[PDB]
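Protein chains in written order, with the deposited numbering: chain 4, 26 to 44; chain 4', 26 to 44; chain 4'', 26 to 44; chain 1, 5 to 287; chain 1', 5 to 287; chain 3, 61 to 238; chain 2, 11 to 263; chain 2', 11 to 263. A prime marks a further copy of an entry chain.
This report concerns only the one structure given below.
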Amino acid sequence: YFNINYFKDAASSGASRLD
Amino acid sequence: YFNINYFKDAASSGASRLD
Amino acid sequence: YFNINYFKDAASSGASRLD
Amino acid sequence: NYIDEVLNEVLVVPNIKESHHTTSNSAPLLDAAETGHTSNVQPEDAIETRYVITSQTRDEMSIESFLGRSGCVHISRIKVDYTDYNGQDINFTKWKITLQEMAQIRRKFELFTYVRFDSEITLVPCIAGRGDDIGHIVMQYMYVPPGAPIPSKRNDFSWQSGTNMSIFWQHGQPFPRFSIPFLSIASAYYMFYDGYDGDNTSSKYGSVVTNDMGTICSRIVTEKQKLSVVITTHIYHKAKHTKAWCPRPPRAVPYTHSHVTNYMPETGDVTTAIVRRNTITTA
Amino acid sequence: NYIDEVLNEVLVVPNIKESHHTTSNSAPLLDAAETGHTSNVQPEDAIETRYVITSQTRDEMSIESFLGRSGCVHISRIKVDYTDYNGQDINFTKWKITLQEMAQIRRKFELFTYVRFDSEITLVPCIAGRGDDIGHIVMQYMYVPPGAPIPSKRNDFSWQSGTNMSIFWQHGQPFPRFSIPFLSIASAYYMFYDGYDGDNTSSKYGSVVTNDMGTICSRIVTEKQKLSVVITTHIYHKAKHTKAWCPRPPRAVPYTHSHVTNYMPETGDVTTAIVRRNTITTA
Amino acid sequence: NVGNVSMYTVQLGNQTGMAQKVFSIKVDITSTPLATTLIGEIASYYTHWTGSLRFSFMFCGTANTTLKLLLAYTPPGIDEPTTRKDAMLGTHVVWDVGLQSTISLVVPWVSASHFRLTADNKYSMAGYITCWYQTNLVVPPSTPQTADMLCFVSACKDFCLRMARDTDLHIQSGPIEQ
Amino acid sequence: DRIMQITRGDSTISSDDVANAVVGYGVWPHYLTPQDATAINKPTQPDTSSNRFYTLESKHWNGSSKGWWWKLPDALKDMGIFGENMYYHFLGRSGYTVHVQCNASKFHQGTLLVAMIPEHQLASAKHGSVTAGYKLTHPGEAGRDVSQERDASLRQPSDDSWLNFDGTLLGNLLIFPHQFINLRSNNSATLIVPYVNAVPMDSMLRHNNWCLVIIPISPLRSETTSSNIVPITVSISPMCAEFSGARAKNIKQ
Amino acid sequence: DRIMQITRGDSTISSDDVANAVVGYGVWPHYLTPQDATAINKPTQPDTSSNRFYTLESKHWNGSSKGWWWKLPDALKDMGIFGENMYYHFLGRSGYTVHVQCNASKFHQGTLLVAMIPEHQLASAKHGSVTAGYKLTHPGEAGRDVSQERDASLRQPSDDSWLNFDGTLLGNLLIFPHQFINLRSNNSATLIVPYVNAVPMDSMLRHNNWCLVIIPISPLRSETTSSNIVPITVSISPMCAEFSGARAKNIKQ
Ligand SMILES: OC[C@H]1O[C@@](CO)(O[C@H]2O[C@H](CO)[C@@H](O)[C@H](O)[C@H]2O)[C@@H](O)[C@@H]1O
Ligand SMILES: OC[C@H]1O[C@@](CO)(O[C@H]2O[C@H](CO)[C@@H](O)[C@H](O)[C@H]2O)[C@@H](O)[C@@H]1O
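Printed below as a string of structure tokens:
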């Protein structure tokens with residue numbers, strides 16, 4: 026389960042990723 | 026996640042879009 | 026979102042349709 | 005779309021190109037504003053500009069993010085009584101719907117002549133304990149469209165809502181919220197009006213002649229309690245899926261009364277936001 | 005990605021190869037640190053190493069797991085009053101946003117010159133009962149961006165939030181939480197600054213000249229209650245989607261005041277974490 | 061003047077001296093006289109502003125009348141100029157009053173921070189704009205010797221705002237009745 | 011069409027009326043070429059910040075006015091940036107744009123002759139071999155003459171107009187790049203002029219290449235209140251300024 | 011090989027001995043890009059005439075010396091051209107090259123730690139919320155400390171070294187771009203540094219981006235005549251200077 030930005034804005038999202 | 030108008034009527038929906 | 030009769034019986038369902 | 009919509013880069017502004025000097029005839033800086041039109045002059049025209057690739061969106065500058073924000077438009081209050089329950093015109097509120105019982109928001113629209121939109125109403129009931137225990141205070145918010153039995157008092161027959169809408173909220177369970185279609189017999193909601201009821205030199209004239217959308221009646225279903233209370237159910241409103249026609253100059257005089265323009269303060273000189281300067285020469 | 009990300013094996017450290025002896029010219033152990041650079045010598049260089057396949061990730065050593073953790077940055081308090089409700093500057097709090105009103109966390113950033121990120125604010129209201137029954141105490145947390153009507157007192161006109169953000173929490177319903185975009189006119193949040201307001205030998209100089217992000221005003225909507233209370237709404241903050249530029253030496257002197265570096269304690273000699281030894285000869 | 065209309069006109073006068081100054085206002089678009097303006101009134105709904113801006117002036121003088129003003133934009137950095145020379149040194153536009161009538165002065169965007177605050181802030185100080193006489197106001201016989209100039213401000217395609225917030229320019233020290 | 015628009019720096023000038031514009035010797039001002047050059051260092055070329063539209067001190071047009079001149083390399087010895095770069099460097103080279111504004115009404119009558127002049131060696135007012143003094147051919151924004159009074163002790167030039175100050179019947183002056191300001195048609199005068207000099211870059215201090223003259227030919231005549239003053243304003247723009255031979259800094263005088 | 015040669019203007023510097031050179035954050039200083047930009051006007055970019063090798067005031071290295079700093083945007087508030095363009099413009103942006111010279115003999119013993127620091131918000135010497143004063147974080151060629159005495163009435167910074175003046179154990183200072191001058195191997199120190207700041211072009215007057223510190227770590231120790239003075243000389247070169255937001259001119263202070 027993931028990438029389901031339930032919210033529109035980007036500022037709202039999980040902790041970013043890593044690379 | 027989107028376009029899941031959980032409700033029937035149109036008056037009920039998120040803030041419209043932009044174009 | 027629709028036709029997800031979460032319940033078994035038919036008596037339990039949304040307001041019918043129109044036709 | 006996503007990216008553009010998630011990144012909020014839908015409406016982007018142009019960039020400022022590079023310029024060079026101009027020792028030439030056509031003078032763009034000269035136009036006659038009397039034409040009532042607006043000049044079209046830019047940085048690049050007037051100066052020797054550089055090159056800036058922009059990245060500012062005019063997304064938040066959309067009638068939907070300008071309008072689409074919840075605002076207190078009414079504060080229903082009920083100082084309960086246990087002495088006389090029921091009685092005429094008690095323990096139940098009745099409000100006639102309108103966006104101008106509260107400056108703030110009233111202000112904001114008024115920026116346009118006509119408007120249209122689906123409205124989302126959010127109810128924030130707050131139960132003040134004036135007793136040693138508030139119990140379980142259930143609530144009924146009924147919407148009474150024009151021409152309908154408006155409860156004379158608390159338990160009419162109209163609280164049966166056999167064909168009306170009544171939302172119920174019980175202490176604990178969250179804020180009630182519900183959307184409503186654009187309600188007008190007209191293609192748009194008349195933010196203003198230059199009409200009257202009739203030729204009767206005693207007829208009504210304003211944004212009222214036109215918008216009479218019904219009322220909202222509050223009740224506190226629970227029956228008689230022991231320890232008193234006072235309920236304050238706040239009414240917030242948001243405009244979703246909005247359109248606007250013919251902008252107007254904002255308001256600078258604190259109004260009074262609704263459905264009217266009237267400013268003329270009670271005695272006090274009409275006050276506006278403009279500040280006074282000693283001299284034009286120094287700012 | 006998954007496995008690597010679920011197993012948390014994204015940033016792995018190299019292994020320690022095997023070595024043999026070296027009776028050779030080039031001496032890697034010798035470099036001149038005056039070059040300001042850092043040596044590059046390893047186990048394998050200095051000793052006769054073996055062979056260890058590693059398996060330690062530097063995942064948790066990322067500016068996001070170093071920064072991305074919620075921390076108390078403010079504790080809004082309201083010792084209610086029922087005697088005088090409203091009145092000027094009462095029963096409503098107003099705080100000017102900042103990460104340095106609380107060591108802990110302030111500390112942590114300060115490790116870098118510049119920083120940038122989207123912030124997630126979590127509100128933990130705790131209602132202390134000083135009465136025999138707290139009723140239903142609703143709450144309003146309004147965010148006031150710079151240059152805006154800040155409530156003079158409890159019911160201004162600014163609590164209508166016709167175009168502002170106000171989050172509402174009612175006893176029972178969970179902790180309010182909301183995210184906010186990077187708010188700065190600048191490409192990054194200035195963790196520090198070596199600038200001033202102006203040439204005025206009385207101008208301001210610090211991390212303040214620059215970051216004035218508005219305020220957060222708390223209200224307890226419910227109206228007058230009987231039995232008193234005191235509310236303590238804790239403000240936690242987390243940094244999600246963070247970046248950092250130019251690291252700095254950590255802080256070793258307990259600060260005082262914010263938006264300043266000043267250490268100079270009130271009388272007490274400046275104290276630091278370093279411990280004293282009798283002799284260098286024995287540790 | 062202020063509670064009246066005049067509050068809008070700027071009469072270009074005599075001027076015994078020469079190279080004298082007309083007026084000045086500061087650019088910080090949320091600062092009376094600016095503020096109240098369709099723009100200002102607005103901007104005061106957002107926390108941050110940006111881009112270029114346009115000031116336009118019109119001669120409500122006469123036909124046979126003549127003049128030449130010098131308008132200038134003094135970027136943020138120093139004090140509103142006391143003298144013309146000092147101000148002419150930066151951004152400006154000489155305006156030749158003639159058959160045209162409207163000169164439009166652009167206010168480039170000069171700033172450190174891509175963005176400026178709408179709220180009064182020493183940092184985000186946008187600067188000043190001022191107007192002075194280049195020549196004079198000459199009028200042949202039996203024409204008035206004072207006349208007015210109207211001034212305006214519209215945006216540039218540069219322009220853009222953000223972070224909506226509730227306004228400044230309106231305190232409802234009401235309520236509102238019925 | 012007569013209207014004209016000119017943009018030079020962060021500055022622009024407009025004119026709802028004009029008599030064309032003139033390019034001195036039909037050459038447009040530009041930067042020095044590695045062919046005609048001589049120096050060896052990389053010239054500093056302030057663009058915009060320097061070659062912009064500086065306006066001088068204004069003047070009155072009298073029925074007693076006689077004429078006034080400004081010497082260019084010199085008129086901007088104070089005009090910010092350009093006029094600093096002047097003082098910091100030995101070699102300076104630059105061309106200009108001269109916007110001469112002078113309005114009044116259509117009920118006025120007057121005529122101004124405007125002209126630029128390569129090497130305008132003025133003559134002293136006093137007989138002999140004594141040449142005009144430095145300090146007096148180096149007036150500044152303010153310019154010289156007007157019809158003024160002064161010490162005859164000073165190795166003072168000729169305030170004398172008709173002889174051209176150089177002793178050449180003014181009127182043959184039309185040979186130098188010029189135009190007039192006939193208040194009945196005109197409003198301004200616009201001269202644009204390249205860099206003329208037997209050397210690729212001269213001393214911005216010792217040598218003034220261009221010299222500008224404005225001379226009332228037909229005297230100003232209104233029937234108005236002498237409350238009506240009709241100034242004359244000069245605006246200038248170094249163009250393709252180039253400097254070099256960096257060092258300490260000269261000194262004001 | 012240690013020898014180094016550097017050429018910046020009309021100026022060049024040599025060093026028959028050195029400890030490499032260092033590029034701050036491994037980025038080489040250059041001109042602003044139309045991507046990260048924001049302003050709208052064409053920046054003036056004095057080349058050579060500006061971004062050249064200016065040398066400051068020299069200093070003495072004492073057995074009682076404690077340390078001395080210079081703030082860059084500020085150290086050249088007088089250095090010709092650059093330091094004028096500073097005052098004439100609102101926006102200024104530029105990177106530098108720091109040549110720190112300090113010789114003595116191979117019979118001397120000493121160690122200097124040199125470091126540059128992005129946003130060096132100093133602390134006041136006095137407890138409270140009173141920030142250091144303008145006029146004192148704006149010393150000029152001359153720099154600050156030495157081990158000096160002064161009014162405590164002035165909202166005066168911390169003359170305090172070990173705390174880094176900012177209250178961070180000096181020694182962690184090694185995190186900032188740096189190098190030493192170990193008189194037994196070294197001769198100089200060379201720092202090169204790009205433009206670091208959350209904004210494309212800042213105020214050359216209100217904001218000093220780079221701050222430079224030189225601190226005696228191991229005290230100078232000879233066995234010679236204290237007639238033998240071992241100065242410390244700093245030389246600097248704006249690089250890729252760019253300016254804009256032309257106008258009147260600020261004022262000296
Ligand atoms: O009844 C509200 C009041 O505002 C107006 C604008 O003058 O417009 C409307 O907006 C409402 C949102 O609360 C609708 O409920 C409404 O009923 C509608 O007209 C008026 O016409 C109206 O009097
Ligand atoms: O206002 C908070 C305070 O901290 C700084 C760092 O000095 O940075 C910021 O972080 C905040 C998180 O709570 C943002 O809310 C903020 O407004 C932002 O600047 C400061 O500049 C600021 O003064």
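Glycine residues also receive a C-beta, built at the ideal position from the N, C-alpha and C atoms.
C-alpha distance - residue i paired with residue j, whole-angstrom precision
{"i": "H261 (chain 1)", "j": "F161 (chain 1')", "result": "16 Å"}
{"i": "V28 (chain 2')", "j": "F175 (chain 2')", "result": "28 Å"}
{"i": "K81 (chain 2')", "j": "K69 (chain 2')", "result": "16 Å"}
{"i": "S123 (chain 1')", "j": "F83 (chain 3)", "result": "45 Å"}
{"i": "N74 (chain 3)", "j": "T125 (chain 3)", "result": "13 Å"}
{"i": "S232 (chain 2)", "j": "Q119 (chain 2)", "result": "7 Å"}
{"i": "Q164 (chain 1')", "j": "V77 (chain 1)", "result": "8 Å"}
{"i": "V234 (chain 1')", "j": "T126 (chain 1')", "result": "20 Å"}
{"i": "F253 (chain 2')", "j": "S228 (chain 2)", "result": "47 Å"}
{"i": "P204 (chain 2')", "j": "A199 (chain 2)", "result": "48 Å"}
{"i": "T26 (chain 1)", "j": "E48 (chain 1)", "result": "11 Å"}
{"i": "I127 (chain 2')", "j": "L222 (chain 2')", "result": "6 Å"}
is_contact[residue i, chain 1'] using C-beta, thresh 8 Å
{"i": "residue 12 (chain 3)", "result": "Because chain 3 is modelled from 61 through 238, residue 12 (chain 3) falls outside the range shown and cannot be assessed."}
{"i": "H152 (chain 3)", "result": "no"}
{"i": "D218 (chain 3)", "result": "no"}
Close Cβ partners of residue i (< 6 Å) along its chain, the five nearest in sequence each way excluded
{"i": "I13 (chain 2)", "result": "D26"}
{"i": "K83 (chain 1)", "result": "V234"}
C-beta neighbour in chain 3 for residue i, strict 8 Å
{"i": "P241 (chain 2)", "result": "yes"}
{"i": "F161 (chain 1')", "result": "yes"}
{"i": "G202 (chain 1')", "result": "yes"}
{"i": "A125 (chain 2')", "result": "no"}
Same chain, Cβ closer than 7 Å to residue i, five either side skipped, listed in chain order
{"i": "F96 (chain 1)", "result": "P155, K157, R158, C221, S222, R223"}
{"i": "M89 (chain 2)", "result": "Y64"}
8 Å Cβ shell around residue i - same chain, five flanking residues per side excluded
{"i": "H174 (chain 3)", "result": "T110"}
{"i": "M223 (chain 3)", "result": "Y106, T107, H108"}
{"i": "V16 (chain 1)", "result": "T58, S59, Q60, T61, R62"}
Residue-level contact to chain 2 via CB, residue i, 8 Å cutoff
{"i": "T27 (chain 1)", "result": "yes"}
{"i": "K81 (chain 3)", "result": "no"}
Bridge-paired residues (DSSP) for residue i
{"i": "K100 (chain 1)", "result": "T219 (chain 1)"}
{"i": "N192 (chain 2)", "result": "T121 (chain 2)"}
{"i": "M126 (chain 2)", "result": "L222 (chain 2)"}
{"i": "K262 (chain 2)", "result": "Paired residue(s): none; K262 (chain 2) is not in a bridge."}
{"i": "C76 (chain 1')", "result": "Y240 (chain 1')"}
Any chain 2' beta carbon closer than 8 Å to residue i
{"i": "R54 (chain 1)", "result": "yes"}
Name the residues in the region 220-232 of chain 1' whose C-beta lies less than 8 Å from a C-beta of chain 1; which are they? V225, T226, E227, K228, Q229, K230, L231
Please identify, using Cβ separations under 7 Å, the residues of the region 165-176 of chain 1 that lie next to chain 3, in order along the chain. none
Please list the residues of the region 153-168 of chain 3 that have a C-beta atom closer than 8 Å to any C-beta atom in chain 2, keeping them in chain order. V153, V154, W155, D156, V157, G158, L159, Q160, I163, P168
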